[PDB]
């Protein structure tokens, strides 16, 4: 007879779920969904490519057996995939200097890497303020010291590049740091090239260890190689680092949990070791990755007509989004007038990625629910869920709501 459940309390979850509850917990239709990590279609329902639907078909055509992955990934997976981050061709790729592995989405790659860091002398991790929430949970709940680096400027609404590089300069030495360089979650502010070179110099002097978080290649810009420039610049005049890569939004592969982990190694013989360490680590958890989601990925990425058909719809996507964001603040500059409010909404258009980040709205978050619109506690906003129909209602209620103070 299980009694263990006697000491069993219930838990407060992340901001991201108290709200997920709330969206689908009331009677009203015309409910609005602006908190979800997902990207919405024109019809306000989940997105999916055709390239991906075709990769799917392609996969159940070419494959009949379903083997365990030896493996922690394929050979095509680990080359096709790393093309996307390091481009082509690379000093690193064809010299077999990258050890890459298939994980369970970006989350899945982050966590194995953290498990891999406990493996070493890694007591402390730096994260840029404010940080992707789960990073906090994932880091902390395995007893690392979590420290914060200055980043987003809360009053200017841009990165504070002065204080960011400052901390980057007086934080020990060979400190381990997590960077979101593009499509920042939640900030939605990417690092301008103006500053790459200085960083490279700081990172070289301090010999820091960098972990790049790449969840949205192709949302910050029109060209998707742009979004990953710092990495490529880093590679030239070779520095070592790590990459957690998600395709949850890239390929619209949400539930498939498609992700990768890239670790840059000194020689063809360190690659071999780290690999065994990783396989080892993976075996006290789930032993191996999903073969289906491996196949779907190789098929798409490995075929030109699909890669090119996808990249296009992808390029066509970031456009619509950054456009939708422009439109949005323009409706707020307007409705604003009805309530005689005096806010500069122009400063949130600079922003890029799946969201916009309006700290000001943190104040109005629980009042925006009396009307049937849901938004994260901190100001973050799923832009992809604002239809041509939606703008008025939303923008109005934001102002209406704002004026009650």
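Numbering follows the first chain given and starts at 1.
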I need to verify one thing: averaged over C-alpha atoms only, is the B-factor higher for 292-300 or for 305-313?
305-313
Averaged over C-alpha atoms, is the B-factor higher for 203-211 or for 89-97 in this PDB entry?
89-97
For the CA B factor values reported in this entry, which option in 268, 81, 141, 107 has the top one?
268
Between 147, 237, 283, 135, let me know which has the highest C-alpha B-factor in the entry?
237
Relative to the other modelled residues of the same chain, rank the CA B-factor of residue 340 and answer lowest, middle or highest third.
highest
Divide the modelled residues of the chain into thirds by Cα B-factor and specify which third, lowest, middle or highest, holds residue 31.
highest
Would you check the entry's CA temperature factor for residue 224 and let me know if it's in the chain's lowest, middle or highest third?
highest
Ranking the modelled residues of this chain by C-alpha B-factor as given in the entry, is residue 166 in the lowest, middle or highest third?
middle
C-alpha B factor of residue 398, ranked within the chain: lowest, middle or highest third?
lowest
